[PDB]
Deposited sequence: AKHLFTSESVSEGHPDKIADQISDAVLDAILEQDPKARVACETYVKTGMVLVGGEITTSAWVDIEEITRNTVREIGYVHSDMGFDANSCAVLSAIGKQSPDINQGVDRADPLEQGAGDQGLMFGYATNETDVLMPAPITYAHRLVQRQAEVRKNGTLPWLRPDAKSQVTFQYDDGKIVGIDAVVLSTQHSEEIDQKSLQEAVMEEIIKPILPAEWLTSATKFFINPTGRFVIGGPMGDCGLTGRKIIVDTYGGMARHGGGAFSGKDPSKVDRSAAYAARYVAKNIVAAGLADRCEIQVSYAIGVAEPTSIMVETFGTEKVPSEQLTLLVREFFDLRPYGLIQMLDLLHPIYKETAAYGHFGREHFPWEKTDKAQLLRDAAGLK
């Protein structure tokens, strides 16, 4: 049965992602000196201005302004006519610094309550939903061709959205593609459209999926010349859906960026991705979404729920059985199981936290053990 589904992504240099990237840049910087730092670094950015504000508890000494400017310069906003200059914008910080003051550390309780969801599905090579994968892949391609001289008239800010038609569970093809890229005053729109079509759209979208019917809307309102923080406003924790799964799977509140791994909102979501991905790699189901919840000061999750949507290859209680035997889902367990106390986070902040294989939560190392506990199959 036909039905269409859509997912959006934005690039590095879309304002809320600038803010995401700076928080995580500060997180890494601290983690490099003090892996057990507690950070919650929220960032706000607007036409003149980056305000990076937080509570931090750490040994580390880190330079917020230096870190802030470097990150805006990598993204590329480096001149007033772009909208924003990394070397002249204002950086304000308001980070309250605290300096650090049960028998098994693995039994320490959750830092806060929360619900968090992880998903996988055999739709893609990376076990992620196809729409959000392609939406991410279009925006990456844009920053790539921008940065490697190919189409050097394009500026940082860009949004993408791809809408997929499915018959029963099966991708059929791509109904509509939208891509809007900031560009210099040098190029104009007809020529721009050729260029994005040749160099961004056609090398990323599987041709089998694109038809005579694929409605492409490249720069629909025309001229996108000033962008980024100029005339707009970005805050960490806004591209929350993009980060995740483009709306295919669910979400509890929580933002990831600027939070160190004590923060279940981040870690438990990463671990839930890891359980679901290992479940589908083991061929226990085709699609799997799990919800995990916690309560403040309790170590055991208050709930685990696995939804294999009528796609299981073992009955479901037997699936929740091995979810528990193979995975330490306690806050400090998570941290152990995925070795998170490391500066790996700025990379997360742009094109999807998930589906990107070299991250600790993407490895399918528990695959077989799950399979051969699932009876043996």
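**Study point:** Deposited-sequence ranges lacking C-alpha coordinates, in sequence order
**Key:** Model skips only 102-107 of the deposited chain.
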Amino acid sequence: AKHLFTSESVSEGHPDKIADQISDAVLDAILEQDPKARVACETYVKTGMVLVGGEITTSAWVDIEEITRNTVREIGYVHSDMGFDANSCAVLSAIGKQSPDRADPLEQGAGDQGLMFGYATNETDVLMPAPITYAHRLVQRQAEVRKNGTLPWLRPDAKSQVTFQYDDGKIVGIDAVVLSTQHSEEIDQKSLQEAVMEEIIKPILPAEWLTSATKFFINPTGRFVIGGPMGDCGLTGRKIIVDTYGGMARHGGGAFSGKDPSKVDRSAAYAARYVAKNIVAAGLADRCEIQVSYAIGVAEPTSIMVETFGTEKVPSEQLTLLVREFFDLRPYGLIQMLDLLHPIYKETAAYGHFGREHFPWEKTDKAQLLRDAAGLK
From here on, numbers count along this sequence of modelled residues.
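Here the rigid core means the biggest group of C-alpha atoms that line up within 1.5 Å when the two forms are laid on top of each other.
**Study point:** Outlying stretch relative to shown form, 300-308 versus 92-100 in 6 other deposited structures of this protein, C-alpha RMS (core)
**Key:** It is 92-100 whose C-alphas lie farther from the shown form in 6 other deposited structures of this protein.
Check your understanding: When the core is superposed, where do the C-alphas shift more in 6 other deposited structures of this protein: in 152-160 or in 106-114?
Key -> Larger mean C-alpha displacement, comparing 152-160 and 106-114 in 6 other deposited structures of this protein, is found in 106-114.
Check your understanding: Out of 113-121 and 165-173, which one has CA B-factors that are higher on average in the deposited record?
Key -> Of 165-173 and 113-121, the stretch with the higher C-alpha B-factor average is 165-173.
Practice item. Please work out which of 83-91 and 128-136 has the higher mean CA B-factor as recorded in the PDB entry. Key: The entry gives the higher C-alpha B-factor average to 128-136.
Practice item. By the entry's C-alpha temperature factors, tell me which of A299, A249, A255, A207 sits highest. Key: Of the options given, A207 has the highest CA B-factor in the PDB entry.
Review point. Can you tell me which of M197, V225, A281, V145 has the highest Cα temperature factor in the record?
Key: Result of the comparison over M197, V225, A281, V145: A281.
Check your understanding: Taking the C-alpha B-factors as the PDB entry records them, is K36 in the lowest, middle or highest third of its chain?
Key -> Its C-alpha B-factor belongs to the middle third of this chain's values.
Check your understanding: When the modelled residues of the chain are sorted by Cα temperature factor, does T348 land in the lowest, middle or highest third?
Key -> For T348, the deposited C-alpha B-factor lands in the middle third.
Review point. Going by the entry, which third of its chain does the Cα temperature factor of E74 land in?
Key: Answer is middle: the recorded C-alpha B-factor places it there.
Review point. By the record's CA B-factor, is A295 among the lowest, middle or highest third of residues in the chain?
Key: It belongs to the lowest third of the chain when residues are ordered by C-alpha B-factor.
Point to revise | Ranked against its chain, the third holding the CA B-factor of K366 | key: Its C-alpha B-factor belongs to the highest third of this chain's values.
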